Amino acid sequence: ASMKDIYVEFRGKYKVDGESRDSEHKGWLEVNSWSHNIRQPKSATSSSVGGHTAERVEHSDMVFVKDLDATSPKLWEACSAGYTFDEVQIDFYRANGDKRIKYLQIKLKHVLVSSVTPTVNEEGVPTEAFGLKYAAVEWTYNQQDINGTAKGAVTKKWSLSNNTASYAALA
């Protein structure tokens, strides 16, 4: 059984409350897909004489696709206004034998809706893409052993605003 599901929750002063009725994500947004891109310009053939490298990594926006729903106008206005959210969390699920597993969890700190792109076609459920831009990110991947049983998590992080491996927006 496929048990794929992705859920998003906004946490800030402005509310983007979703429609999900999943017991573990009541009021979260249900989304269909996710894509990202990270690009590091640092040279492998030149090095700084000292401890300062000018360039830094570029993180692209995280882009999600979702069905149009009651959260859509909320996203459209939030994008237009440039409202900042303290945190956004995204949980990713897949099948794990008899129950699902949250294999990936992403937390974004100091977040804006950078784009929304809605369409209604003649055929098919209407959908929109939306992008998120952020100051810091914490990624957690949940491992399992050969029996599919949960082993330890791998947690990594990056602060674009501090240029350090921290889940922190401020200095």
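Residue numbers run from 1 along the displayed sequence.
Per the PDB record, of the two stretches 110-118 and 39-47, 39-47 carries the greater mean B-factor over its C-alpha atoms. Stretches compared: 136-144, 49-57. Higher mean C-alpha B-factor in the entry: 49-57. Ranked by C-alpha B-factor against the other modelled residues of its chain, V88 falls in the lowest third. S80: CA B factor in the lowest third of modelled residues in this chain (values from the PDB entry). Per-chain ranking of the deposited C-alpha B factor places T71 in the middle third.
Placement of the Cα temperature factor of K151 within the chain: highest third of the modelled residues, per the deposited record. Among all modelled residues in this chain, the alpha-carbon of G124 has a temperature factor (C-alpha) in the highest third.
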